[PDB]
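This document opens with one chain alone, in structure tokens, the form deposited in one PDB entry.
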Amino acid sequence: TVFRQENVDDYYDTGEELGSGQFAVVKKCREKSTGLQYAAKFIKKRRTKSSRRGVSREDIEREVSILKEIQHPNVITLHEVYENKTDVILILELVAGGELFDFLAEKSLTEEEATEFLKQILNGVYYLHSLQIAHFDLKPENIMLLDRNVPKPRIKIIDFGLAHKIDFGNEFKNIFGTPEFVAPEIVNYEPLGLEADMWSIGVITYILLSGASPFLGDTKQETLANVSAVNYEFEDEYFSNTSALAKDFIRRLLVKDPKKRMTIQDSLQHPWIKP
């Protein structure tokens, strides 16, 4: 599939850079014809087939295809796609309140504040999983706030760079995200499904409540080893006045066997969450 090959600068003016990762750089931008603001993500293309610099066209096309499907208040939306020899440029919805990661670093939350973020994440993931989309990279830095100067910030899930449509209950691709948040099936290179996202939600919940990362070791390999062995515990110093139902929620997500792990529907019916 090809994208718009006119110069993006003829239609948009760029401004503040919002951040960058290994292959993408994201800049605030404004569409000239409407004055409406967006986030332009510039994704570096592979220059040769055997290269490992840049993103393969197959991976870029998968991300765009998934993004085009989604319209939900808790997930980022895609406006337009441009490309040139060097980059594919995704014109995305602007979410300007910054990362949940940075929000947590400025402030530990209450269980109310924790559940208010978590419930939105769950609703967003419920939508994705209903469409058989596994995100595969759920973590606080991939959660963006619309406005962080409000008591109960609204959030949107971003970064669909590892996302896959799961048409057969599982996928068996490369797929490996951030060690602190990946499920044991990812660590062990086993077939992956929607269950992996639910493990990541358990990790996120643990962090939301405690300010600590449950499997984090001194090196990347230690963290991965901890994940595979389900080496975590609720430290009393962090959790002594956290409700037992909150711990039960996390406990039923941080389960090695994907089949025994809570699904997104289970998580919404869990007594800690259910109205």
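All residue numbers refer to positions in the sequence shown, first residue = 1. Rigid core (definition): largest C-alpha set, two forms, superposition within 1.5 Å.
The discussion below concerns the form deposited in another entry, not included here.
Enquirer: At a threshold of 2 angstroms on the CA positions, core aligned, which residue out of 138, 125, 192, 100 shifts between this form and the one not shown?
Expert: With the rigid core fitted, the residue that moves is 100.
Enquirer: When the rigid core is used for the superposition, does residue 171 move between this form and the one not shown (threshold: C-alpha shift of 2 Å or more)?
Expert: Yes, residue 171 moves 2 Å or more.
Enquirer: Using the rigid core as the reference frame, would you say residue 72 shifts its C-alpha by 2 Å or more between this form and the one not shown?
Expert: False for residue 72: its C-alpha shift is below 2 Å.
Enquirer: Has the Cα of residue 153 moved 2 Å or more between this form and the one not shown, judged after a core fit?
Expert: Yes, because once the rigid core is superposed, the C-alpha of residue 153 moves 2 Å or more between this form and the one not shown.
Enquirer: Closer or farther: how do the Cα atoms of residue 173 and residue 260 compare in the other entry relative to this form, given a change of at least 3 Å?
Expert: Relative to this form, closer in the other entry.
Enquirer: Since the C-alpha distance between residue 133 and residue 171 changes by 3 Å or more in the other entry, give its direction relative to the shown form: closer or farther.
Expert: Result: farther.
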